[PDB]
């Protein structure tokens, strides 16, 4: 199954370290986050929110970039990757109205998204889920996990991405920092 759900509440495999309401309406603070593979129609009792997304095909990356990423990208669930960050993101309607070449030019030519992110591998593992087409309040659920030694590097990366032209189209953003239980 390509669907994944993220349940904010009192149970889960991940302990919430903090929630930073970066931009727009935030997410209610909770004790844990439970990650399930599949959809969850029955939102658990004693649970504050539910985020769901699906893995999908590549949308912007080209062959040379995929080869670069595939050459260094770390696997998920490394023994040492005990910190994780779940960053739901929403982009503006103006972004989704643009043609494919316009969005690619902003994504890479202007923001150099992949080139910048490649500088922080193999320290950080990542997973990208889509959820706009599901009608969710967010468009993407991004997931990053890494060892504590790279926490400062991840914060650096966040600052660099948040100054890019691409992020001028971001309308809602939240950071949920997690600790592997």
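Numbering follows the first chain given and starts at 1.
Student: Can you tell me which of 142, 57, 28, 152 has the highest Cα temperature factor in the record?
Tutor: Top of the list by C-alpha B-factor: 152.
Student: Just grab whichever of 125, 41, 129, 134 has the top CA B-factor as deposited.
Tutor: Top of the list by C-alpha B-factor: 41.
Student: In terms of the chain's CA B-factor thirds, is residue 75 lowest, middle or highest?
Tutor: Its C-alpha B-factor belongs to the middle third of this chain's values.
Student: What third of its chain's C-alpha B-factors does residue 169 belong to: lowest, middle or highest?
Tutor: Lowest third.
Student: Just say lowest, middle or highest third for the CA B-factor of residue 121 relative to the other modelled residues in its chain.
Tutor: As the PDB entry reports it, the C-alpha B-factor of residue 121 lands in the highest third of its chain.
Student: Classify residue 62 as lowest, middle or highest third according to the C-alpha B-factor given in the PDB entry, relative to its own chain.
Tutor: Bottom third by C-alpha B-factor.
Student: Name the third of the chain's ranked CA B-factors that contains residue 33, choosing lowest, middle or highest.
Tutor: It falls in the middle third of the chain.
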